[PDB]
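Undergrad: What follows is run.csv, CSV, C-alpha atoms and all ligand atoms.
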```csv
chain,number,residue,atom,x,y,z
A,1,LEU,CA,-113.2,-84.6,56.5
A,2,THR,CA,-115.9,-81.9,56.8
A,3,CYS,CA,-118.2,-80.9,59.7
A,4,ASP,CA,-121.2,-82.6,58.0
A,5,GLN,CA,-119.3,-85.9,58.0
A,6,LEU,CA,-118.5,-86.0,61.7
A,7,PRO,CA,-120.3,-88.8,63.6
A,8,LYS,CA,-123.9,-88.0,64.8
A,9,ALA,CA,-123.9,-90.1,67.9
A,10,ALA,CA,-126.9,-91.5,69.8
A,11,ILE,CA,-128.2,-89.1,72.5
A,12,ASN,CA,-128.5,-90.6,76.0
A,13,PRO,CA,-131.8,-90.1,77.8
A,14,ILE,CA,-131.9,-86.7,79.5
A,15,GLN,CA,-131.7,-88.2,83.0
A,16,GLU,CA,-128.2,-89.6,82.2
A,17,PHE,CA,-127.0,-86.0,81.5
A,18,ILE,CA,-128.7,-84.7,84.6
A,19,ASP,CA,-127.0,-87.4,86.7
A,20,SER,CA,-123.7,-86.2,85.3
A,21,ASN,CA,-124.0,-82.7,86.6
A,22,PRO,CA,-121.9,-80.7,87.1
A,23,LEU,CA,-119.6,-80.8,84.0
A,24,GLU,CA,-116.8,-78.5,82.9
A,25,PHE,CA,-115.7,-77.9,79.3
A,26,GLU,CA,-112.2,-79.2,78.4
A,27,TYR,CA,-112.1,-78.2,74.7
A,28,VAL,CA,-114.0,-75.4,73.0
A,29,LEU,CA,-113.8,-73.4,69.7
A,30,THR,CA,-114.4,-69.7,70.4
A,31,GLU,CA,-113.6,-67.9,73.7
A,32,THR,CA,-117.3,-68.0,74.7
A,33,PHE,CA,-117.3,-71.3,76.5
A,34,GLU,CA,-113.9,-71.1,78.2
A,35,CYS,CA,-114.0,-71.6,82.0
A,36,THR,CA,-117.6,-72.8,81.8
A,37,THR,CA,-119.7,-75.3,83.7
A,38,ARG,CA,-122.6,-77.2,82.1
A,39,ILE,CA,-125.7,-78.0,84.1
A,40,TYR,CA,-128.6,-80.0,82.6
A,41,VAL,CA,-132.2,-79.3,83.9
A,42,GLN,CA,-135.3,-81.4,83.4
A,43,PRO,CA,-138.4,-79.5,82.0
A,44,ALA,CA,-140.4,-77.2,84.3
A,45,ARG,CA,-143.7,-78.7,85.5
A,46,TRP,CA,-145.3,-75.6,83.9
A,47,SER,CA,-143.4,-75.9,80.5
A,48,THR,CA,-145.8,-76.4,77.6
A,49,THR,CA,-143.0,-77.7,75.3
A,50,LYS,CA,-141.6,-80.0,78.1
A,51,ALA,CA,-138.1,-79.3,76.7
A,52,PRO,CA,-135.2,-79.8,79.1
A,53,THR,CA,-132.6,-77.0,79.5
A,54,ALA,CA,-128.9,-76.8,79.1
A,55,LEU,CA,-127.1,-74.1,81.2
A,56,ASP,CA,-123.7,-72.7,80.3
A,57,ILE,CA,-122.4,-70.9,83.4
A,58,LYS,CA,-119.3,-68.7,83.2
A,59,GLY,CA,-118.6,-67.1,86.6
A,60,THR,CA,-121.7,-64.9,87.4
A,61,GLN,CA,-123.0,-65.0,83.8
A,62,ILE,CA,-125.3,-67.7,82.4
A,63,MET,CA,-126.6,-68.7,79.0
A,64,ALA,CA,-129.6,-71.1,79.0
A,65,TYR,CA,-131.2,-73.0,76.1
A,66,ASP,CA,-134.3,-75.2,76.1
A,67,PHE,CA,-133.7,-78.0,73.6
A,68,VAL,CA,-135.7,-80.6,71.8
A,69,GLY,CA,-134.7,-83.5,69.5
A,70,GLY,CA,-134.5,-83.2,65.8
A,71,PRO,CA,-133.6,-85.4,62.8
A,72,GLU,CA,-130.5,-87.5,62.7
A,73,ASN,CA,-129.6,-87.3,66.4
A,74,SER,CA,-129.7,-83.5,66.4
A,75,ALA,CA,-130.4,-81.2,69.4
A,76,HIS,CA,-132.4,-78.0,68.5
A,77,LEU,CA,-131.6,-75.3,71.0
A,78,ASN,CA,-133.6,-72.1,71.8
A,79,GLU,CA,-131.4,-69.6,73.6
A,80,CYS,CA,-133.7,-68.4,76.4
A,81,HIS,CA,-132.7,-64.7,76.4
A,82,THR,CA,-132.7,-64.0,72.6
A,83,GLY,CA,-134.9,-66.8,71.1
A,84,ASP,CA,-131.9,-67.6,68.8
A,85,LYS,CA,-131.9,-71.1,67.3
A,86,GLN,CA,-128.9,-73.5,67.2
A,87,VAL,CA,-128.5,-77.1,65.9
A,88,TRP,CA,-126.0,-79.4,67.7
A,89,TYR,CA,-124.8,-83.0,67.4
A,90,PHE,CA,-122.7,-85.3,69.5
A,91,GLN,CA,-119.4,-86.7,68.2
A,92,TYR,CA,-119.7,-89.3,71.0
A,93,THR,CA,-121.0,-89.7,74.6
A,94,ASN,CA,-119.6,-91.8,77.4
A,95,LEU,CA,-121.8,-91.1,80.4
A,96,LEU,CA,-121.9,-92.6,83.9
A,97,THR,CA,-118.8,-94.8,83.8
A,98,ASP,CA,-116.6,-95.8,86.7
A,99,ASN,CA,-114.4,-92.8,85.8
A,100,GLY,CA,-117.4,-90.4,85.4
A,101,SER,CA,-118.9,-88.8,82.3
A,102,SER,CA,-117.6,-87.2,79.1
A,103,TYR,CA,-118.9,-86.2,75.7
A,104,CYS,CA,-118.0,-83.9,72.7
A,105,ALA,CA,-120.7,-81.9,70.9
A,106,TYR,CA,-120.4,-79.6,67.9
A,107,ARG,CA,-122.2,-77.0,65.8
A,108,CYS,CA,-121.7,-76.8,62.0
A,109,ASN,CA,-122.4,-74.3,59.4
A,110,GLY,CA,-122.4,-76.6,56.4
A,111,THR,CA,-118.9,-78.0,55.9
A,112,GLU,CA,-117.2,-75.8,58.6
A,113,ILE,CA,-117.3,-76.1,62.4
A,114,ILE,CA,-118.5,-72.9,64.2
A,115,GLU,CA,-118.6,-74.1,67.9
A,116,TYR,CA,-117.3,-77.1,69.9
A,117,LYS,CA,-118.0,-78.2,73.4
A,118,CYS,CA,-116.2,-81.2,75.0
A,119,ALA,CA,-117.4,-81.6,78.5
A,120,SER,CA,-116.5,-83.9,81.4
A,121,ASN,CA,-116.7,-84.4,85.2
A,122,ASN,CA,-113.3,-86.3,85.3
A,123,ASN,CA,-110.9,-83.4,84.2
A,124,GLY,CA,-110.6,-84.7,80.6
A,125,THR,CA,-109.2,-88.1,81.5
A,126,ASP,CA,-111.5,-90.2,79.2
A,127,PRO,CA,-109.2,-91.2,76.3
A,128,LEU,CA,-112.2,-90.9,73.9
A,129,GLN,CA,-112.2,-87.1,74.6
A,130,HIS,CA,-108.7,-86.2,73.4
A,131,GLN,CA,-109.2,-88.6,70.5
A,132,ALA,CA,-112.5,-86.8,69.5
A,133,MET,CA,-110.9,-83.4,69.8
A,134,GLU,CA,-108.1,-84.5,67.4
A,135,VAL,CA,-110.7,-85.6,64.8
A,136,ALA,CA,-112.7,-82.4,65.2
A,137,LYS,CA,-109.6,-80.3,64.6
A,138,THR,CA,-109.3,-81.8,61.1
A,139,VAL,CA,-112.6,-80.3,59.7
A,140,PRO,CA,-112.6,-76.7,58.2
A,141,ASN,CA,-112.2,-74.1,61.0
A,142,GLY,CA,-111.3,-76.9,63.5
A,143,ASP,CA,-107.9,-75.2,63.9
A,144,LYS,CA,-109.6,-72.9,66.4
A,145,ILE,CA,-110.3,-75.7,68.9
A,146,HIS,CA,-108.3,-75.3,72.1
A,147,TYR,CA,-108.1,-76.0,75.8
A,148,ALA,CA,-110.9,-74.4,77.8
A,149,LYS,CA,-109.2,-74.0,81.2
A,150,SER,CA,-105.7,-72.4,80.7
A,151,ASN,CA,-106.5,-69.1,82.6
A,152,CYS,CA,-109.6,-69.3,84.7
A,153,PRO,CA,-110.4,-66.9,87.6
A,154,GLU,CA,-109.5,-67.9,91.1
A,155,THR,CA,-112.1,-69.7,93.1
A,156,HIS,CA,-113.6,-68.6,96.4
A,157,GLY,CA,-114.4,-71.9,98.2
A,158,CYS,CA,-116.5,-73.7,95.5
A,159,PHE,CA,-115.4,-76.2,92.8
A,160,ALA,CA,-117.7,-75.8,89.8
A,161,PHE,CA,-118.4,-72.1,90.2
A,162,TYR,CA,-116.4,-68.9,90.7
Z,1,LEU,CA,-142.7,-63.8,117.2
Z,2,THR,CA,-139.1,-63.2,116.3
Z,3,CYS,CA,-137.0,-64.7,113.5
Z,4,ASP,CA,-135.1,-67.0,115.9
Z,5,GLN,CA,-138.4,-68.5,116.9
Z,6,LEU,CA,-139.5,-69.5,113.4
Z,7,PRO,CA,-139.6,-73.3,112.8
Z,8,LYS,CA,-136.4,-74.9,111.8
Z,9,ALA,CA,-137.8,-77.8,109.6
Z,10,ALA,CA,-136.1,-81.0,108.7
Z,11,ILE,CA,-134.1,-80.8,105.5
Z,12,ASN,CA,-135.0,-83.4,102.8
Z,13,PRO,CA,-132.1,-85.3,101.3
Z,14,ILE,CA,-130.4,-83.3,98.5
Z,15,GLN,CA,-131.7,-85.6,95.8
Z,16,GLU,CA,-135.3,-84.6,96.6
Z,17,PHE,CA,-134.4,-81.0,96.0
Z,18,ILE,CA,-132.6,-81.9,92.7
Z,19,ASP,CA,-135.6,-83.9,91.6
Z,20,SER,CA,-137.7,-80.7,92.1
Z,21,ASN,CA,-135.7,-78.6,89.7
Z,22,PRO,CA,-136.5,-76.1,88.3
Z,23,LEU,CA,-138.2,-74.0,90.9
Z,24,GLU,CA,-139.2,-70.3,90.9
Z,25,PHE,CA,-139.5,-68.0,93.8
Z,26,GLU,CA,-143.0,-66.9,94.8
Z,27,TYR,CA,-142.3,-64.7,97.9
Z,28,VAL,CA,-139.0,-62.9,98.6
Z,29,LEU,CA,-137.8,-60.1,101.0
Z,30,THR,CA,-135.4,-57.8,99.1
Z,31,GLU,CA,-135.5,-57.2,95.4
Z,32,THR,CA,-132.5,-59.5,94.9
Z,33,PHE,CA,-134.4,-62.7,94.3
Z,34,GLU,CA,-137.4,-61.4,92.4
Z,35,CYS,CA,-138.0,-63.1,89.0
Z,36,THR,CA,-135.5,-65.9,90.0
Z,37,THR,CA,-135.2,-69.6,89.3
Z,38,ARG,CA,-133.6,-72.0,91.7
Z,39,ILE,CA,-131.6,-75.0,90.5
Z,40,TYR,CA,-130.0,-77.5,92.9
Z,41,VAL,CA,-126.8,-79.3,91.8
Z,42,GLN,CA,-125.1,-82.4,93.4
Z,43,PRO,CA,-121.4,-82.0,94.3
Z,44,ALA,CA,-118.8,-82.1,91.6
Z,45,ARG,CA,-116.9,-85.4,91.3
Z,46,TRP,CA,-113.7,-83.3,91.9
Z,47,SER,CA,-115.1,-81.3,94.9
Z,48,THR,CA,-113.1,-82.0,98.1
Z,49,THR,CA,-115.9,-80.7,100.3
Z,50,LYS,CA,-118.5,-82.7,98.4
Z,51,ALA,CA,-121.0,-79.9,99.1
Z,52,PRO,CA,-124.0,-79.5,96.8
Z,53,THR,CA,-124.7,-76.2,95.2
Z,54,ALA,CA,-127.8,-73.9,95.0
Z,55,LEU,CA,-128.1,-71.7,92.0
Z,56,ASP,CA,-130.2,-68.5,91.9
Z,57,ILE,CA,-130.6,-67.5,88.3
Z,58,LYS,CA,-132.1,-64.1,87.4
Z,59,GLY,CA,-132.1,-63.7,83.6
Z,60,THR,CA,-128.5,-63.9,82.4
Z,61,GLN,CA,-127.1,-63.4,86.0
Z,62,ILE,CA,-126.4,-66.2,88.4
Z,63,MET,CA,-125.4,-66.5,92.1
Z,64,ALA,CA,-124.1,-69.9,93.2
Z,65,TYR,CA,-123.5,-71.2,96.8
Z,66,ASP,CA,-122.0,-74.4,97.9
Z,67,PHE,CA,-123.8,-75.5,101.1
Z,68,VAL,CA,-123.2,-77.9,104.0
Z,69,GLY,CA,-125.3,-78.8,107.0
Z,70,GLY,CA,-124.9,-77.1,110.3
Z,71,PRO,CA,-126.6,-77.3,113.7
Z,72,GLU,CA,-130.3,-77.3,114.2
Z,73,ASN,CA,-131.3,-78.0,110.6
Z,74,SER,CA,-129.2,-75.1,109.3
Z,75,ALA,CA,-127.7,-74.7,105.8
Z,76,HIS,CA,-124.3,-73.0,105.7
Z,77,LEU,CA,-123.8,-71.4,102.3
Z,78,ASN,CA,-120.5,-70.2,100.7
Z,79,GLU,CA,-121.3,-67.7,97.9
Z,80,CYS,CA,-119.0,-69.0,95.1
Z,81,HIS,CA,-117.9,-65.6,93.7
Z,82,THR,CA,-117.1,-63.8,97.0
Z,83,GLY,CA,-116.6,-66.5,99.6
Z,84,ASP,CA,-119.3,-64.8,101.8
Z,85,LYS,CA,-121.0,-67.0,104.3
Z,86,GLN,CA,-124.8,-67.2,105.0
Z,87,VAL,CA,-126.9,-69.3,107.4
Z,88,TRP,CA,-130.3,-70.4,106.3
Z,89,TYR,CA,-133.2,-72.5,107.7
Z,90,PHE,CA,-136.4,-73.9,106.3
Z,91,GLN,CA,-139.8,-72.9,107.7
Z,92,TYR,CA,-141.2,-76.0,106.0
Z,93,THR,CA,-140.7,-78.2,103.0
Z,94,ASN,CA,-143.2,-80.1,101.0
Z,95,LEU,CA,-141.4,-81.8,98.1
Z,96,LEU,CA,-142.4,-84.3,95.5
Z,97,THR,CA,-146.2,-84.3,96.1
Z,98,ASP,CA,-148.9,-85.0,93.4
Z,99,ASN,CA,-149.0,-81.2,93.0
Z,100,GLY,CA,-145.2,-80.7,92.9
Z,101,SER,CA,-142.8,-79.2,95.4
Z,102,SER,CA,-142.7,-76.1,97.6
Z,103,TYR,CA,-140.7,-74.8,100.5
Z,104,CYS,CA,-140.0,-71.6,102.4
Z,105,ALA,CA,-136.5,-70.7,103.6
Z,106,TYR,CA,-135.3,-67.7,105.6
Z,107,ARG,CA,-132.1,-65.9,106.8
Z,108,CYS,CA,-132.1,-64.2,110.2
Z,109,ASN,CA,-129.9,-61.6,111.8
Z,110,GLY,CA,-130.8,-62.4,115.4
Z,111,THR,CA,-134.5,-61.5,116.0
Z,112,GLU,CA,-135.0,-59.9,112.5
Z,113,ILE,CA,-135.4,-61.5,109.1
Z,114,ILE,CA,-133.0,-60.3,106.4
Z,115,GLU,CA,-133.9,-62.5,103.4
Z,116,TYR,CA,-136.8,-64.8,102.5
Z,117,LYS,CA,-137.1,-67.3,99.7
Z,118,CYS,CA,-140.4,-69.3,99.1
Z,119,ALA,CA,-139.9,-71.5,96.1
Z,120,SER,CA,-142.2,-73.8,94.2
Z,121,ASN,CA,-142.7,-75.6,90.8
Z,122,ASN,CA,-146.5,-75.3,91.0
Z,123,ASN,CA,-146.9,-71.5,90.8
Z,124,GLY,CA,-147.5,-71.1,94.5
Z,125,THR,CA,-150.6,-73.3,94.8
Z,126,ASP,CA,-149.4,-75.3,97.8
Z,127,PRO,CA,-151.6,-73.9,100.7
Z,128,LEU,CA,-148.7,-74.3,103.1
Z,129,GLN,CA,-146.8,-71.6,101.1
Z,130,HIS,CA,-149.2,-68.7,101.6
Z,131,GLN,CA,-149.7,-69.8,105.2
Z,132,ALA,CA,-145.9,-69.8,105.8
Z,133,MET,CA,-145.5,-66.4,104.2
Z,134,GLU,CA,-148.2,-65.0,106.5
Z,135,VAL,CA,-146.3,-66.2,109.5
Z,136,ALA,CA,-142.9,-64.9,108.3
Z,137,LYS,CA,-144.4,-61.4,107.8
Z,138,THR,CA,-145.0,-61.2,111.5
Z,139,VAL,CA,-141.4,-61.3,112.6
Z,140,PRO,CA,-139.3,-58.0,112.8
Z,141,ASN,CA,-138.6,-56.8,109.2
Z,142,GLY,CA,-141.0,-59.4,107.8
Z,143,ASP,CA,-143.1,-56.4,106.5
Z,144,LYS,CA,-140.7,-56.4,103.5
Z,145,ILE,CA,-141.8,-59.8,102.2
Z,146,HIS,CA,-143.6,-59.5,98.9
Z,147,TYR,CA,-144.6,-61.3,95.7
Z,148,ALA,CA,-141.6,-62.2,93.6
Z,149,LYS,CA,-143.2,-62.2,90.1
Z,150,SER,CA,-145.2,-59.0,89.6
Z,151,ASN,CA,-143.1,-57.5,86.8
Z,152,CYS,CA,-140.7,-60.1,85.2
Z,153,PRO,CA,-139.1,-59.6,81.8
Z,154,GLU,CA,-140.8,-61.1,78.7
Z,155,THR,CA,-139.7,-64.6,77.8
Z,156,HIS,CA,-138.2,-65.7,74.4
Z,157,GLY,CA,-139.4,-69.3,74.1
Z,158,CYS,CA,-138.3,-70.9,77.4
Z,159,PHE,CA,-140.3,-71.3,80.7
Z,160,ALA,CA,-137.9,-71.1,83.6
Z,161,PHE,CA,-135.3,-68.8,82.0
Z,162,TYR,CA,-135.4,-65.4,80.2
A,201,LIG,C1,-123.6,-69.6,58.0
A,201,LIG,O1,-122.9,-68.9,57.0
A,201,LIG,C2,-123.6,-68.1,56.1
A,201,LIG,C3,-122.7,-67.5,55.1
A,201,LIG,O2,-122.9,-68.2,53.8
A,201,LIG,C4,-124.4,-67.0,56.9
A,201,LIG,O3,-125.4,-66.5,56.1
A,201,LIG,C5,-125.1,-67.6,58.2
A,201,LIG,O4,-125.4,-66.5,59.0
A,201,LIG,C6,-124.2,-68.5,58.9
A,201,LIG,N1,-124.9,-69.1,60.0
A,201,LIG,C7,-124.4,-69.3,61.3
A,201,LIG,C8,-125.4,-69.9,62.3
A,201,LIG,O5,-123.3,-69.0,61.6
A,202,LIG,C1,-106.7,-81.3,85.6
A,202,LIG,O1,-105.9,-81.5,84.4
A,202,LIG,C2,-104.8,-80.6,84.2
A,202,LIG,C3,-103.9,-81.2,83.1
A,202,LIG,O2,-104.6,-81.1,81.8
A,202,LIG,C4,-104.0,-80.4,85.5
A,202,LIG,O3,-103.3,-79.1,85.3
A,202,LIG,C5,-104.8,-80.3,86.8
A,202,LIG,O4,-103.9,-80.5,87.9
A,202,LIG,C6,-105.9,-81.4,86.8
A,202,LIG,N1,-106.6,-81.2,88.0
A,202,LIG,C7,-106.7,-82.0,89.0
A,202,LIG,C8,-107.6,-81.7,90.2
A,202,LIG,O5,-106.1,-83.1,89.0
A,203,LIG,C1,-126.3,-58.2,111.6
A,203,LIG,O1,-126.5,-56.9,112.2
A,203,LIG,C2,-125.3,-56.4,112.8
A,203,LIG,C3,-125.6,-55.0,113.5
A,203,LIG,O2,-125.7,-55.2,114.9
A,203,LIG,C4,-124.1,-56.2,111.8
A,203,LIG,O3,-122.9,-56.0,112.5
A,203,LIG,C5,-124.0,-57.4,110.9
A,203,LIG,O4,-123.2,-57.1,109.7
A,203,LIG,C6,-125.3,-58.0,110.4
A,203,LIG,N1,-125.1,-59.2,109.7
A,203,LIG,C7,-125.8,-59.5,108.5
A,203,LIG,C8,-125.4,-60.8,107.9
A,203,LIG,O5,-126.6,-58.8,108.0
A,204,LIG,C1,-149.5,-68.2,88.3
A,204,LIG,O1,-150.2,-67.5,89.4
A,204,LIG,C2,-150.6,-66.1,89.1
A,204,LIG,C3,-151.6,-65.7,90.3
A,204,LIG,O2,-150.8,-65.5,91.5
A,204,LIG,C4,-151.4,-66.0,87.8
A,204,LIG,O3,-151.3,-64.6,87.5
A,204,LIG,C5,-150.8,-66.8,86.7
A,204,LIG,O4,-151.8,-66.9,85.6
A,204,LIG,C6,-150.4,-68.2,87.1
A,204,LIG,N1,-149.8,-68.9,86.0
A,204,LIG,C7,-150.3,-69.9,85.4
A,204,LIG,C8,-149.5,-70.5,84.2
A,204,LIG,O5,-151.4,-70.5,85.7
```
Can the structure in the file be given as structure tokens, please?
TA:
Amino acid sequence: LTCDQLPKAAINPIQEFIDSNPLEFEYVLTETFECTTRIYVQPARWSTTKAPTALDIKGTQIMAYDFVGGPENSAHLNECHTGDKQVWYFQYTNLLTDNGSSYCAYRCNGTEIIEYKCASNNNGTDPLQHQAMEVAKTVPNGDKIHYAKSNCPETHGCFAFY
Amino acid sequence: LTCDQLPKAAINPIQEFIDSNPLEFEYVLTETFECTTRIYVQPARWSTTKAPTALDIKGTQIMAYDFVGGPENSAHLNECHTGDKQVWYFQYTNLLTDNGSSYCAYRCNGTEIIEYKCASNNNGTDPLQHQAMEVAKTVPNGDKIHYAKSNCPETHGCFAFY
């Protein structure tokens, strides 16, 4: 299996992601998205693109990306600080169940995987999530995929932020 | 007029603030909240307090505070990185109108004002907002209140983030 052959799942309407906030990452590829909370935001009233925004929050640091739909269930991200472009797909989504929400999303460079983000608001207890992670590990460079919360900083009274 | 005598307005249910996301600050007191976007987040499914969170995002830096209700329409904030406590009130709110949402919130130390945050998603065009700012300026230390967006960094393709 190669990264280009992973499923490209249907993308839920943006409100279903917003209603899932906050999420934490369970499995990631690089160190970048360890100990990170995901927040979805609807488009600003003054946005001319009317693109929603994904926020990746790691302690007191934040990456933001406006994103629009592309071909074949792709998400086309514009990193808000640099203008850098990224193309993402979903392996699966399972939002707004009786046990909360989860999904796994990935970024390819051709046949190899270069980033992975499995998110949930149920501490990784959706059986689809571990299953998806085990499939993603089998594509080239998927060996890097690992648990995102092994050594996070201590909290100071909140639950999704530190 | 002193800070303790400012109105303590009724606080809209949290979902009305979330539905207003994203907001930008129009008037602030210190430099801290210049060029800042406000995002409200519902409580995490795993939060034992079930407190919502306010996010103050300034470029790639973020302050987060879980907050709960207190006496006399107060908001009791817990800054998520430090555990520091703050008490806030609303001068007014005007959420989810045909021209969007605005509010002004303030933090006192007794008779003086020590921080001010007027937010909107309509570029400060609610007439209540400039009116409220003019009242807040009249309390001790209100002379510091000023426009929050005079010199913000250039954007790179997004609208509420940079
Ligand atoms: C993909 O890999 C190629 C090397 O052939 C490189 O030119 C390019 O920068 C890579 N793109 C990303 C997004 O990693
Ligand atoms: C979340 O899951 C991990 C096991 O992977 C466990 O260490 C931790 O106790 C869980 N957290 C809660 C709040 O149950
Ligand atoms: C309020 O002012 C007093 C000085 O009398 C000081 O002890 C205290 O730290 C101040 N509190 C805040 C939150 O600024
Ligand atoms: C927002 O308001 C200021 C005037 O206070 C103005 O400079 C700017 O053009 C306005 N922005 C838009 C998009 O209309």
Undergrad: Please identify the residues whose atoms come within 12 Å of ligand LIG 201 (chain A), using only C-alpha atoms and all ligand atoms, and report them as a PDB file with C-alpha atoms, in the coordinates of the input.
TA:
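Output contents, as saved in pocket-v3.pdb:
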```
ATOM      1  CA  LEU A  77    -131.600 -75.300  71.000  1.00  0.00           C
ATOM      2  CA  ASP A  84    -131.900 -67.600  68.800  1.00  0.00           C
ATOM      3  CA  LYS A  85    -131.900 -71.100  67.300  1.00  0.00           C
ATOM      4  CA  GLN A  86    -128.900 -73.500  67.200  1.00  0.00           C
ATOM      5  CA  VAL A  87    -128.500 -77.100  65.900  1.00  0.00           C
ATOM      6  CA  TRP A  88    -126.000 -79.400  67.700  1.00  0.00           C
ATOM      7  CA  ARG A 107    -122.200 -77.000  65.800  1.00  0.00           C
ATOM      8  CA  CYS A 108    -121.700 -76.800  62.000  1.00  0.00           C
ATOM      9  CA  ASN A 109    -122.400 -74.300  59.400  1.00  0.00           C
ATOM     10  CA  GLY A 110    -122.400 -76.600  56.400  1.00  0.00           C
ATOM     11  CA  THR A 111    -118.900 -78.000  55.900  1.00  0.00           C
ATOM     12  CA  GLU A 112    -117.200 -75.800  58.600  1.00  0.00           C
ATOM     13  CA  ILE A 113    -117.300 -76.100  62.400  1.00  0.00           C
ATOM     14  CA  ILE A 114    -118.500 -72.900  64.200  1.00  0.00           C
ATOM     15  CA  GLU A 115    -118.600 -74.100  67.900  1.00  0.00           C
TER      16      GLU A 115
END
```
Undergrad: Have a look at CA of residue 95 (chain Z) and CA of residue 118 (chain Z) and let me know their distance in Å, one decimal.
TA: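 Separation between CA of residue 95 (chain Z) and CA of residue 118 (chain Z): 12.6 Å.
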Undergrad: Pick the closest to residue 151 (chain Z) from Z:120, Z:34, Z:24, Z:18: which is it, counting only C-alpha atoms?
TA: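 Among Z:120, Z:34, Z:24, Z:18, it is Z:34 that comes nearest to residue 151 (chain Z).
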Undergrad: Taking all atoms listed in the file into account, which residues are within 8 Å of ligand LIG 202 (chain A), as a list in words?
TA: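 Checked against 8 Å with all atoms listed in the file; the hits are residues 123, 124 and 125 of chain A; 46 of chain Z.
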Undergrad: Could you please select, counting all atoms listed in the file, the residues of chain A within 8 Å of chain Z and state them as a PDB file with C-alpha atoms, in the coordinates of the input?
TA:
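Below is the file part38.pdb, written as the result:
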```pdb
ATOM      1  CA  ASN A  21    -124.000 -82.700  86.600  1.00  0.00           C
ATOM      2  CA  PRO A  22    -121.900 -80.700  87.100  1.00  0.00           C
ATOM      3  CA  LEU A  23    -119.600 -80.800  84.000  1.00  0.00           C
ATOM      4  CA  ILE A  39    -125.700 -78.000  84.100  1.00  0.00           C
ATOM      5  CA  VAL A  41    -132.200 -79.300  83.900  1.00  0.00           C
ATOM      6  CA  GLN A  42    -135.300 -81.400  83.400  1.00  0.00           C
ATOM      7  CA  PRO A  43    -138.400 -79.500  82.000  1.00  0.00           C
ATOM      8  CA  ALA A  44    -140.400 -77.200  84.300  1.00  0.00           C
ATOM      9  CA  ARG A  45    -143.700 -78.700  85.500  1.00  0.00           C
ATOM     10  CA  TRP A  46    -145.300 -75.600  83.900  1.00  0.00           C
ATOM     11  CA  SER A  47    -143.400 -75.900  80.500  1.00  0.00           C
ATOM     12  CA  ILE A  57    -122.400 -70.900  83.400  1.00  0.00           C
ATOM     13  CA  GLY A  59    -118.600 -67.100  86.600  1.00  0.00           C
ATOM     14  CA  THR A  60    -121.700 -64.900  87.400  1.00  0.00           C
ATOM     15  CA  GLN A  61    -123.000 -65.000  83.800  1.00  0.00           C
ATOM     16  CA  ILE A  62    -125.300 -67.700  82.400  1.00  0.00           C
ATOM     17  CA  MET A  63    -126.600 -68.700  79.000  1.00  0.00           C
ATOM     18  CA  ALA A  64    -129.600 -71.100  79.000  1.00  0.00           C
ATOM     19  CA  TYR A  65    -131.200 -73.000  76.100  1.00  0.00           C
ATOM     20  CA  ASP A  66    -134.300 -75.200  76.100  1.00  0.00           C
ATOM     21  CA  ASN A  78    -133.600 -72.100  71.800  1.00  0.00           C
ATOM     22  CA  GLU A  79    -131.400 -69.600  73.600  1.00  0.00           C
ATOM     23  CA  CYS A  80    -133.700 -68.400  76.400  1.00  0.00           C
ATOM     24  CA  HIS A  81    -132.700 -64.700  76.400  1.00  0.00           C
ATOM     25  CA  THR A  82    -132.700 -64.000  72.600  1.00  0.00           C
ATOM     26  CA  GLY A  83    -134.900 -66.800  71.100  1.00  0.00           C
ATOM     27  CA  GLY A 100    -117.400 -90.400  85.400  1.00  0.00           C
ATOM     28  CA  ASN A 121    -116.700 -84.400  85.200  1.00  0.00           C
ATOM     29  CA  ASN A 122    -113.300 -86.300  85.300  1.00  0.00           C
ATOM     30  CA  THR A 155    -112.100 -69.700  93.100  1.00  0.00           C
ATOM     31  CA  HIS A 156    -113.600 -68.600  96.400  1.00  0.00           C
ATOM     32  CA  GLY A 157    -114.400 -71.900  98.200  1.00  0.00           C
ATOM     33  CA  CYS A 158    -116.500 -73.700  95.500  1.00  0.00           C
ATOM     34  CA  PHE A 159    -115.400 -76.200  92.800  1.00  0.00           C
ATOM     35  CA  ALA A 160    -117.700 -75.800  89.800  1.00  0.00           C
ATOM     36  CA  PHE A 161    -118.400 -72.100  90.200  1.00  0.00           C
ATOM     37  CA  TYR A 162    -116.400 -68.900  90.700  1.00  0.00           C
TER      38      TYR A 162
END
```
Undergrad: Could you tell me how far atom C6 of ligand LIG 204 (chain A) sits from CA of residue 12 (chain Z), in Å to one decimal place?
TA: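 Interatomic distance here is 26.7 Å.
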Undergrad: Calculated over all atoms listed in the file, which of the candidates Z:36, Z:27, Z:144, Z:105 has the smallest distance to ligand LIG 204 (chain A)?
TA: Z:27
Undergrad: Contacts of residue 134 (chain A) at 12 Å or less, counting all atoms listed in the file, minus same-chain residues fewer than 4 places along, as a PyMOL selection string?
TA: chain A and resi 6+27+91+104+118+127-130+138-139+142-147
Undergrad: Could you check how far CA of residue 137 (chain A) sits from CA of residue 152 (chain A), in Å to one decimal?
TA: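 Interatomic distance, CA of residue 137 (chain A) to CA of residue 152 (chain A): 22.9 Å.
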Undergrad: I need the residue nearest ligand LIG 204 (chain A) from this list: Z:136, Z:126, Z:1, Z:93. Use only C-alpha atoms and all ligand atoms for the distance.
TA: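 Closest residue, counting only C-alpha atoms and all ligand atoms: Z:126.
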Undergrad: I need the residue nearest residue 71 (chain Z) from this list: Z:5, Z:117, Z:28, Z:89. Use all atoms listed in the file for the distance.
TA: Z:89
